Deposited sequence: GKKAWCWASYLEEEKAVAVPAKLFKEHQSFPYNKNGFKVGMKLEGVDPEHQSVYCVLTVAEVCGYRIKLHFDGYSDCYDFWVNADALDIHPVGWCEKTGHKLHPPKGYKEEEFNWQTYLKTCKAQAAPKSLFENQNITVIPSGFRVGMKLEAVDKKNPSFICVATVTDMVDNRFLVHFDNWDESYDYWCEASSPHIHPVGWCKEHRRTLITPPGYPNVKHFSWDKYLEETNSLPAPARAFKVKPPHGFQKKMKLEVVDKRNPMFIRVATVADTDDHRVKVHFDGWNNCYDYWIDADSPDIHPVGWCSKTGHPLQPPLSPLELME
């Protein structure tokens, strides 16, 4: 019978200290009020500019598995009870964002009120959303501003981007003249964004928009698109995460995300940790942002009622 106490002893090891985990990573303040069958609205994680109709398909401790109504279960995904890119039924209508209805339906005709009755289902209550009354820190970022952004789907490339929306303390990065498939949400301290002129001065090759870098001028482009660059003072410095090699923690199995496993910090860089699942081969290691809501301190699973997968026997 395995426990963290004796495991730390035998292994002569140490946990990543609790104080290094941020609010969404650490022990939650409250219970998981979500119930299977509850419906809500959510950003499609692979199409981050798109809002979708979602149902809680499963609940596990402080986490929920969400399902795209009327679509295949292969798209299902797990987030914690306090996730940021989920909203209550009605939020899209309230804020004027476009809501993708379930499969078979027309966007115009969809009507939550009738849909909830048909499905004999309740919407998750508004109290559950940790994002209903977020304290808005002042920011230099505004919709329309341009900048230089890593393509998260191809992180080798830095590209011309624009802020196309803002919600609470987050904003949506969109790559000019590309499909919205590559959009992503981040904040002002993101290590994946830089002011215009960054690439040139760091000897990196800026990917310019399709239909247009050996000539490209930011100035000409800003002028022709009647746009402003995000001011440099708007960007913030990402605090060092302080995670060290060999420290222990609990982390979601990216590949079988129903599980959380005992893990070790194998490696570290300026904004990522390389996680190793104890007892597994090293080819199951992987890199994840050190601020990720899917890594947690020792004890998280216990305190929140989620099973911890012990080290592979």
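Going by the record, the unmodelled stretches of the deposited sequence, in order, are 1 to 3, 216 to 217, 319 to 324.
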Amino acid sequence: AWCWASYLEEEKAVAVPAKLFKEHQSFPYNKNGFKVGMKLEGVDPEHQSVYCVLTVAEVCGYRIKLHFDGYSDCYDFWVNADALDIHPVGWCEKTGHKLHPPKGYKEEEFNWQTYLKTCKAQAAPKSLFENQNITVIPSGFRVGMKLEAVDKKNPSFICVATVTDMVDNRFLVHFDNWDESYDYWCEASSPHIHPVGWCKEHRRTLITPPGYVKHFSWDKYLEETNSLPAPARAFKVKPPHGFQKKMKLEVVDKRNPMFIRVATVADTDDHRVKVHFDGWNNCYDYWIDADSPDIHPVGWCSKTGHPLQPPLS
From here on, numbers count along this sequence of modelled residues.
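Stretches 22 to 30 and 257 to 265 differ in mean CA B factor, with 22 to 30 having the higher one.
On average the C-alpha atoms of 2 to 10 have higher B-factors than those of the other stretch, with 303 to 311 and 2 to 10 being the two compared. Sorting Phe235, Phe157, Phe129, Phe175 by the CA temperature factor given in the entry leaves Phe129 at the top. Between the residues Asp183, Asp168, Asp82, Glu148, the entry's highest C-alpha temperature factor is the one at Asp168. For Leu40, the recorded CA temperature factor ranks within the lowest third of the chain's modelled residues. In the PDB entry, a CA B factor belonging to the highest third of its chain's modelled residues is recorded for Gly70. In this PDB entry, the Cα temperature factor of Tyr221 sits in the middle third of its chain's modelled residues. Per the PDB record, residue ranking by Cα B-factor puts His271 in the lowest third of the chain.
Per-chain ranking of the deposited C-alpha B factor places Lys245 in the highest third.
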